[PDB]
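Protein chains in written order, with PDB author numbering: chain I, 12 to 125; chain A, 674 to 721. Think of the CB as a built atom: it goes at the ideal place given N, C-alpha and C, for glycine as much as any other residue. Read the structure below first, then the notes.
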Amino acid sequence: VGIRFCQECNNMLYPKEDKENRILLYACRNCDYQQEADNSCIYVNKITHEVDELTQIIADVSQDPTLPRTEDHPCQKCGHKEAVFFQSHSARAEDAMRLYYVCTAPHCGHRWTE
Amino acid sequence: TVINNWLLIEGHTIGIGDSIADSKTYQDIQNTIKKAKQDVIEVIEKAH
Ligand SMILES: [Zn+2]
Ligand SMILES: [Zn+2]
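Structure representation (structure tokens):
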């Protein structure tokens with residue numbers, strides 16, 4: 012999945028085949044540094060990719076004066092009443108109007124979606 | 674010619690009295706507008 016780098020030349024490690032022990036080795040093209048990986052999966056491609064933005068929503072959006080606010084949706088963690096909300100705010104989304112919420116209490120930053 | 678010289682008797686105009694409605698009509702229009710805005714709000718709530 013991710014990119015792993017050689018410790019000698021600090022270049023990308025390409026996958027190379029070990030035709031003796033039937034094992035996967037990551038080797039670079041600059042030096043002869045070898046490795047054994049734990050992912051065991053070279054490549055992964057998901058075409059749905061309906062990523063939940065709760066990973067990508069920052070908790071600092073609560074300081075936006077231009078966002079709507081509601082008090083009928085208390086925070087799950089700290090029980091604070093006021094909570095900002097907004098829409099998906101994502102391009103390349105075929106169809107979405109679901110709301111997202113962020114707690115406005117400082118240092119809480121709870122970001123959920125009912 | 675005939676209609677113009679007769680129109681010199683009847684006359685024609687356009688004014689605010691011709692562009693103003695009645696109180697009952699104003700109430701009807703405002704009611705309809707409020708109902709439509711409420712329905713739009715309901716649709717938005719269902720979408721959310
Ligand atoms: Zn290397
Ligand atoms: Zn909270």
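On the three-state DSSP scale, how would you describe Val55 (chain I)?
Working through the first sequence from its first residue, we reach residue 55 (chain I) at position 44. Note: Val55 (chain I) maps to coil in three-state DSSP.
Residue range of the alpha helix (DSSP H) that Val675 (chain A) falls in?
Working through the second sequence from its first residue, we reach residue 675 (chain A) at position 2. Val675 (chain A) -> alpha helix (DSSP H) spans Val675 to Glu683.
Counting pairs of Cβ atoms below 8 angstroms between the region 59 to 71 of chain I and the region 25 to 38 of chain I, do you hit three or more?
The region 59 to 71 of chain I vs the region 25 to 38 of chain I: no contact.
What does the alpha-carbon distance come out to for the pair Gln18 (chain I) and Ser51 (chain I)?
Sequence index remark: in the first sequence, residue 18 (chain I) carries index 7 (1-based). Sequence index remark: in the first sequence, residue 51 (chain I) carries index 40 (1-based). Their Cα atoms are separated by approximately 20 angstroms.
Taking C-beta to C-beta, are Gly120 (chain I) and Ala70 (chain I) nearer than 7 angstroms?
Counting from 1 along the first sequence, the entry for residue 120 (chain I) is found at position 109. Counting from 1 along the first sequence, the entry for residue 70 (chain I) is found at position 59. It is a contact, given that the beta carbons lie within the stated cut-off.
Is the beta carbon of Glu82 (chain I) sitting closer than 7 angstroms to the one on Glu93 (chain I)?
As a first step, residue 82 (chain I) must be located in the first sequence, where it is residue number 71. As a first step, residue 93 (chain I) must be located in the first sequence, where it is residue number 82. Cβ distance < 7 angstroms, so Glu82 (chain I) and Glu93 (chain I) count as in contact.
Taking the CB atoms as reference points, tell me whether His721 (chain A) and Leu65 (chain I) lie closer together than 7 angstroms.
If you number the second sequence from 1, residue 721 (chain A) lands on position 48. If you number the first sequence from 1, residue 65 (chain I) lands on position 54. Cβ atoms of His721 (chain A) and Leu65 (chain I): not closer than 7 angstroms.
Please list the terminal residues of the continuous alpha helix (DSSP H) segment that includes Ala107 (chain I).
Counted from its first residue, the first sequence places residue 107 (chain I) at position 96. Element bounds for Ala107 (chain I): n/a, residue is neither H nor E.
Can you name the start and end residues of the alpha helix (DSSP H) that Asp701 (chain A) belongs to?
As a working mapping, residue 701 (chain A) is identified with position 28 in the second sequence. Run containing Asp701 (chain A): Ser696 to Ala720, per the alpha helix (DSSP H) assignment.
State yes or no: is the C-beta of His91 (chain I) within less than 7 angstroms of the C-beta of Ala116 (chain I)?
Numbered from 1 along the first sequence, position 80 holds the residue referred to as residue 91 (chain I). Numbered from 1 along the first sequence, position 105 holds the residue referred to as residue 116 (chain I). Cβ atoms of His91 (chain I) and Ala116 (chain I): closer than 7 angstroms.
What's the gap between the Cα of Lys708 (chain A) and the Cα of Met108 (chain I)?
Within the second sequence, the letter at position 35 stands for residue 708 (chain A). Within the first sequence, the letter at position 97 stands for residue 108 (chain I). Answer to the nearest angstrom: the Cα atoms are 24 angstroms apart.
Based on the DSSP secondary-structure assignment, which residues constitute the bridge partners of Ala38 (chain I)?
Taking the first sequence and counting its residues from 1, the one referred to as residue 38 (chain I) is at position 27. Paired residues: I:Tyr25.
Short of 8 angstroms in beta carbon distance, which residues of its chain neighbour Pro76 (chain I), apart from the five on each side in sequence? Order them along the chain.
Counting from one through the first sequence, the residue named residue 76 (chain I) turns up at place 65. Nothing meets the Cβ criterion.
Can you check whether the CB of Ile53 (chain I) is closer than 7 angstroms to the CB of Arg122 (chain I)?
Walking along the first sequence from the start, residue 122 (chain I) turns up at place 111. Walking along the first sequence from the start, residue 53 (chain I) turns up at place 42. Against a cut-off of 7 angstroms, the Cβ pair of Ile53 (chain I) and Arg122 (chain I) comes out as no contact.
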